[PDB]
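Colleague: Before I ask anything, here is the structure I am working with.
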């Protein structure tokens, strides 16, 4: 029981500790996606308005 | 029967055997045996679900 306690505690904690940070960086990938898309369409909007 | 000094001799033997048992034998015998029982009791207390 003590051996499986050590094994399962380390397994659970380290696996979740990896996936949480990984998802947070994935959220930063979506953040950069959204921010650059907003920038690109803001300047396309400006250019279209002035061309108009 | 014949009232005899053997009664007091046997009383000396009886009291000294009880004192020897109280001093030498009983405390260590019970200590070792119950210390095994204690280890098994904690073996129950120890038992990864928690």
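Protein chains in written order, with the entry's author numbering: chain Y, 53 to 104; chain X, 1 to 47, 50 to 52. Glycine included, every Cβ here is placed at the ideal spot set by N, Cα and C.
1. Return yes when the Cβ of residue 50 (chain X) is within less than 9 Å of the Cβ of residue 55 (chain Y), no when it is not.
2. Flag residue 72 (chain Y) as yes if its beta-carbon sits less than 9 Å from any beta-carbon of chain X, otherwise no.
3. Any beta carbon from chain X within less than 9 Å of residue 92 (chain Y)'s own beta carbon?
4. Can you round the beta-carbon distance between residue 53 (chain Y) and residue 47 (chain X) to whole angstroms, since I take them to be within the 8 Å contact cut?
5. Does the beta carbon of residue 23 (chain X) come closer than 9 Å to any beta carbon on chain Y?
6. List the residues of chain X whose Cβ lies closer than 7 Å to the Cβ of residue 151 (chain Y), in chain order.
Modeller: Taking the coordinates as given:
1. The sequence position of residue 55 (chain Y) within the first chain is 3, counting from 1. The sequence position of residue 50 (chain X) within the second chain is 48, counting from 1. Yes; because the gap between Cβ atoms is below 9 Å, this pair is in contact.
2. By 1-based counting over the first chain, the position of residue 72 (chain Y) is 20. Output row for residue 72 (chain Y): interface = no.
3. Here residue 92 (chain Y) is taken as the residue at index 40 of the first chain, counted from 1. By this cut-off, residue 92 (chain Y) is not an interface position.
4. The count along the first chain starts at 1 and reaches residue 53 (chain Y) at position 1. The count along the second chain starts at 1 and reaches residue 47 (chain X) at position 47. So it is a contact: roughly 6 Å between Cβ atoms.
5. The residue you call residue 23 (chain X) lines up with position 23 of the second chain. No, its Cβ sits nowhere closer than 9 Å to a Cβ of chain Y.
6. The question about residue 151 (chain Y) has no answer, for chain Y in this structure spans 53 to 104.
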